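The structure tokens that follow cover one protein chain in two forms, given apart as structure 1 and structure 2.
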Structure 1
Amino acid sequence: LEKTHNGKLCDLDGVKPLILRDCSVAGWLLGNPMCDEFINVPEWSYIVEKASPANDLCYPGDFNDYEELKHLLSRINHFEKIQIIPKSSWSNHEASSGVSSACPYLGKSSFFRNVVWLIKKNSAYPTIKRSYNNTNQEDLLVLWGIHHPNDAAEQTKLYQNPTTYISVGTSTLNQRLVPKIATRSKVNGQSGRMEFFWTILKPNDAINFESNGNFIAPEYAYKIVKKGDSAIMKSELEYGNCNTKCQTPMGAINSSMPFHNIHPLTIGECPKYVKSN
């Protein structure tokens, strides 16, 4: 009955975990400007996320089917970021001032860096049609979003068209989002909302986007390059520079015993957990 741990987070067989610091999984994947540390991440053994990470959704809103994505994250060990729609290519929509003070970078209005907040151009917002064929060997995690304005005037100012939609189709996904104008209390100075969506695009499939307003377009998606045993661990601890074969949220374990006492949610070759004293 081992009762002792080293009170810090180590590598798991010389493979360093991804420690998110004050960023959440949502902030990392969407590209919260406070999360540049994680723009391109090396292979991980497990992932560590604090209870209430401070930098999550900078612009207030929602990440749709978020817990299922997280669950889908704990059997992935390595993403490789790739550009699927270059910000450069938006010829008929303003693509450079979709920013907000709710998403500061160095005290300047910025925005999640993996998606683009398109806005009208010359008092017009033509219908957008874009495709990406996944010509890679690997599955892709694609993310996009919708902006829910706070009134008819705002809608018409940003997007011209009073009534708008976003349709997204793959070989399995048949989605058609409609923005929800409501009156909301300000979170981070904003009463508008952003709602985000994701899908896994299988090799050789294609994703087709079409919209006439409120579209938060992708720029970067994620190649799932290494699948394998992984986890998301909720911990407050910082990185400990050590190494181990058994990790817990409380700290690592170097032991020979058959049982342990620390924390039920462990990862690696570990003694079995009991409540005993």
Structure 2
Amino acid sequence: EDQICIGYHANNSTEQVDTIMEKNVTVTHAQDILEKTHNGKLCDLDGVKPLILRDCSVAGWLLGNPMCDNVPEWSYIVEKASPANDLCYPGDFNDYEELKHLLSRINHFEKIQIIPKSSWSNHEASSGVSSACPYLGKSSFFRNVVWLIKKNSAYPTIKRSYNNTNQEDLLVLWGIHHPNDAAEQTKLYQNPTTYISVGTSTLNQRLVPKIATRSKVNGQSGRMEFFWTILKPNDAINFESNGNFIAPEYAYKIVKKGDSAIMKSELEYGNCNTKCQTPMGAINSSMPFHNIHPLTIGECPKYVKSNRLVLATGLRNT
């Protein structure tokens, strides 16, 4: 009459897992190890706020594109996929992708004046403007570099020097104007044959303008090509030119520790913190895998092409 049975727990759970032999097996308790949830925003990366360039490219932001809109540090950079305004005056930026990568994560960053626009005594310092670079509809030009042209039918040779007296590495930018005929060359710079030599303890540069017939971009056929260098503390930079020189005015105090990347994302800031950031939004880093977006920045779960990764913890049901 008297009985004792052996058995196992079951419940109302409807959750299903998979096996290397069977599929859709119902289970008592389960665990999902695939993060598929994001917050649809850009956020701080471990305390350190990102640098979001509204609608500028890194280049335009650095040079001071007038069509564009101080931050002491960032963890990563966010551009849109195609920033509305980049190089207002058509041209080119040398070793641009390397500079972008360098600037990806900056510990300290402070803009400082190194050559005052006023100090140009024998060259016309205030007529290097273009309608391609409008400010409030008036002809302007990148705010951080000076487009020098001739004064009283003459372009004396420039010799300028700057000693890095700061305790920090200095990012210095300059440029060259590629005119579109010989007439424009003499009109602007008098001298038919020009050069720009630039030297530090490591840099040994000599640029020579390229005259060419080019399609108009932003109603300009001439071109501006820009160059950069990092100037170590106590080092000097020596500029020499007899034309086409787009002088520096402002440079940047730089402190680089780690690296990062440039994120392309359409999203906006969310006064928000994460350990792992996505172009589509910030995500939690507890789970070993995620399926949001491959181009993450941070301490991130592994990116996986799965819809569900669920691990059986309980037992079979009834």
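Here, a residue number simply tells you its place in the sequence of structure 1, counted from 1. Just so we're on the same page, rigid core means the largest C-alpha set that superposes within 1.5 Å between forms.
- No residue in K70, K223, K50, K227 other than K227 shows a CA shift of 2 angstroms or more between structures 1 and 2 after fitting the rigid core.
- In this overlay on the rigid core, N212 has a C-alpha that sits less than 2 Å away from its partner position between structures 1 and 2.
- The Cα position of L12 differs by 2 Å or more between structures 1 and 2 after fitting on the rigid core.
- Core-superposed comparison between structures 1 and 2: the CA of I267 exceeds or equals a 2 Å shift.
- In the rigid-core superposition between structures 1 and 2, residue position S255 carries a C-alpha shift of 5.8 Å.
- Superposed on the rigid core, the forms differ at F79: its CA is offset by 1.3 Å between structures 1 and 2.
- With both forms fitted on their core, the C-alpha atom of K245 sits 3.2 Å from where it sits in the other form; this compares the forms between structures 1 and 2.
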